[PDB]
Amino acid sequence: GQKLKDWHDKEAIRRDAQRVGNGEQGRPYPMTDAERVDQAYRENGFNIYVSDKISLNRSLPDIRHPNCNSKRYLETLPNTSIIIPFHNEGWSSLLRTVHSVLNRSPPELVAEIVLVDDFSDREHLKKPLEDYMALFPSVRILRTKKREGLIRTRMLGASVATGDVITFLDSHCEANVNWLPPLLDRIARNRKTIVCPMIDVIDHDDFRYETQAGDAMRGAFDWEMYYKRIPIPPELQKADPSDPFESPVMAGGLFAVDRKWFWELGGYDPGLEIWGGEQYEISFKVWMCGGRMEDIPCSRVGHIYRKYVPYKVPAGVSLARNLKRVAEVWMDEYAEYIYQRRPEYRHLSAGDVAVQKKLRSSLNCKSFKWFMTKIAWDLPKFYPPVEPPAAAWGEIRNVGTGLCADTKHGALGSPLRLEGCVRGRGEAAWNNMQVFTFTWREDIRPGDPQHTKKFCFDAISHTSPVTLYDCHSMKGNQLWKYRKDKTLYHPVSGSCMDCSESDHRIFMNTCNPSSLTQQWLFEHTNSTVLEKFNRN
Ligand SMILES: *[C@@H]1O[C@H](CO)[C@@H](O[C@@H]2O[C@H](CO)[C@@H](O)[C@H](O)[C@H]2NC(C)=O)[C@H](O)[C@H]1NC(C)=O
Ligand SMILES: O=c1ccn([C@@H]2O[C@H](COP(=O)(O)OP(=O)(O)O)[C@@H](O)[C@H]2O)c(=O)[nH]1
Ligand SMILES: CC(=O)N[C@@H]1[C@@H](O)[C@@H](O)[C@@H](CO)O[C@H]1O
Ligand SMILES: *[C@@H]1O[C@H](CO)[C@@H](O)[C@H](O)[C@H]1NC(C)=O
Ligand SMILES: *[C@H]1O[C@H](CO)[C@@H](O)[C@H](O)[C@H]1NC(C)=O
Ligand SMILES: [Mn+2]
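Cut-offs used in this document
- Residues numbered from 1 in each chain as written, not as in the entry; some residues may be left out.
- Chains lettered and ligands numbered in written order.
- Heavy atoms only, no water.
- Disulfide = S-S within 2.5 Å.
- Helix = DSSP H or I, 4+ residues; strand = E, 2+ residues; numbered from the N terminus.
- Buried < 20%, exposed > 50% of the residue type's maximum accessible area, 1.4 Å probe, protein only.
- Polar contact = N/O pair within 3.5 Å; in protein donor to acceptor, adjacent residues only side chain to side chain.

1. Observations regarding the state of the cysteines
In step 1: Taken as a whole and assessed by the stated rule, the structure comprises five disulfides.
In step 2: Here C289 pairs with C365 through a disulfide, and the sulfurs are 2.0 Å apart. Handedness of the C289-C365 disulfide follows from its S-S torsion of about 95°: it is right-handed. Of this pair, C289 sits in the loop between α9 (278-288) and β14 (292-303) while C365 sits in the loop between α12 (354-363) and α13 (368-375); the two residues are 76 residues apart in sequence, bridging distant segments of the chain.
In step 3: Accessibility expressed as a relative area gives 8% for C289, which makes it buried.
In step 4: Residue pairing for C456: its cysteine sulfur links by disulfide to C471, the two sulfurs lying 2.0 Å apart. As the torsion about the S-S bond is roughly 100°, the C456-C471 disulfide counts as right-handed. Of this pair, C456 sits in the loop between β19 (444-446) and β20 (481-482) while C471 sits in the loop between β19 and β20, and the two are 15 residues apart along the sequence.
In step 5: On the accessibility criterion, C456 (0% relative accessible area) is buried.
In step 6: A disulfide-free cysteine, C196 has its sulfur positioned 13 Å from the sulfur of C173, the nearest such atom.
In step 7: In this structure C499 is a free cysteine whose sulfur lies 11 Å from that of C404, the closest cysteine sulfur available.
In step 8: Taking relative accessible area as the criterion, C499 reaches 3% and is therefore assigned buried.

Below, the structure written as structure tokens:
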């Protein structure tokens, strides 16, 4: 019998809505010079002074899709073991995670909450934590005998879980309203599906709660294996935008997976060290070996992204080794695409993978080719295994002032000023960066077309100066056009690039294929590409 149910705790929603105080409803914390010190970050990578001044039960805004409130799920669902690994995690941030789980998860559906201590040295994580958690029956603390790392530490928790499905959560999260039922329901219908809630951001400074940019998006990666998020192609967008949707890769820290299914895949590669790579291993595993992976818009959990890594990592440990172990076992021929960018990965021992490779074959999995072609088919659109050639690169000299486009190596956000051309015959004492590349993405970024920087030419209005704002693979305000009239057309602003003849900064203005201050010249080119997106 599929007797459904409305798992919403209307009263709790009312009481949470009626809650008042600093940080309530997810609003930012009223920052003061006291909380703005640098010692407030030293321990966690996020503001612990602010965290301490916010209630461990603070309320959060319900930013779910309007349809989510209407959804209903199976009256009978499988119970879950919530595993939370931690290492020298802050006191309040950890307690807020557990409270959110306790107060926003139907007790009946929670078999147990297991906090797994990864050899923590912070004192508040010892007796105090124990006495405090002893007051909550469903909570249990498990400790490793030495530093094991998040991967193995999550494995420890998984090896003891008694619930039907294992739900993983980082130690600095905050479950939002009615987040668990929609995850359990999905796995109840498809045991081999791994599910991920939408991961929302909890600001490391004022702790405000808000969705990541772009909201519902597909997971992916660049060829250096940095996690990326790309938009859902129109042909994949569900009728009801609140419905479960496929994701090729998970962020890694928040997901639920049937316990039995989890071990059938072999959990995680025990060889993965402190951080990195397990998200790729497990994601490739679920798809390639018979399962699936889905993001559940109706389930949302806040997560605090660190401003920097506080803990320490043992000697002789790098992300490279983890990644290498993942590439060799599951990435087939695509692993090569990784080495062509990071050559040290070739003659770099990835340890013994024999055991792992044995796992893959015993599962009868598809090729990684299959994964790239049928699952992550949109990934190469933003991160092509082999990047198309650039249109133009070199120095950008303005016909008018005769000067060159330069930048005082201002990576943050210093306008694209104008300086006397160096041409490689200059002194590095004056700090001259006059090399640029008009990449295949129709954007302009400093450096050689082979050693470009993640900084693009971003312009707001049709008069503001150019900027080296972070590059976002979107033809937004980083979309340029180099026409035969020697001008850098900005379609999203309808204006062109100009510069004050009085030897001043470079700023947008009214286009004019007759002016000299708007006429630019690159050192090299490839008209075959300049004829690409210049016509409709
Ligand atoms: C904040 O959350 C905690 C953790 O759930 C609350 O403490 C528990 O509240 C429930 C009520 O649903 C009781 O059944 C438990 O016995 C409480 N735990 C213990 C041992 O005290 C706490 O009351 C909440 N505080 C606020 C602001 O409501
Ligand atoms: O050696 C480690 C490092 C991290 N963690 C925990 O694993 C989770 C994920 O790590 P982290 O938050 O540092 O990764 P991030 O989200 O920043 O990428 C957190 O709960 C950490 O406390 C752990 O148990 N052992
Ligand atoms: C919010 C989130 O998913 N964080 C994860 C982190 O928990 C860990 O899995 C890391 C790889 O070690 O990847 C991150 O993206
Ligand atoms: C531009 O020139 C390069 C030579 O480096 C060539 O390989 C490329 O095909 C040209 N542009 C395109 C994509 O046609
Ligand atoms: C959850 O219920 C299942 C039976 O459906 C049982 O196997 C499991 O042990 C329960 N979890 C708890 C509370 O131990
Ligand atoms: Mn984290």
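2. Some points on the side chain of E35
In step 1: Structurally, the position occupied by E35 is in the loop between α1 (10-17) and α2 (39-42).
In step 2: Within the structure, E35 has its side chain in polar contact with the side chain of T32 (distance 2.8 Å).

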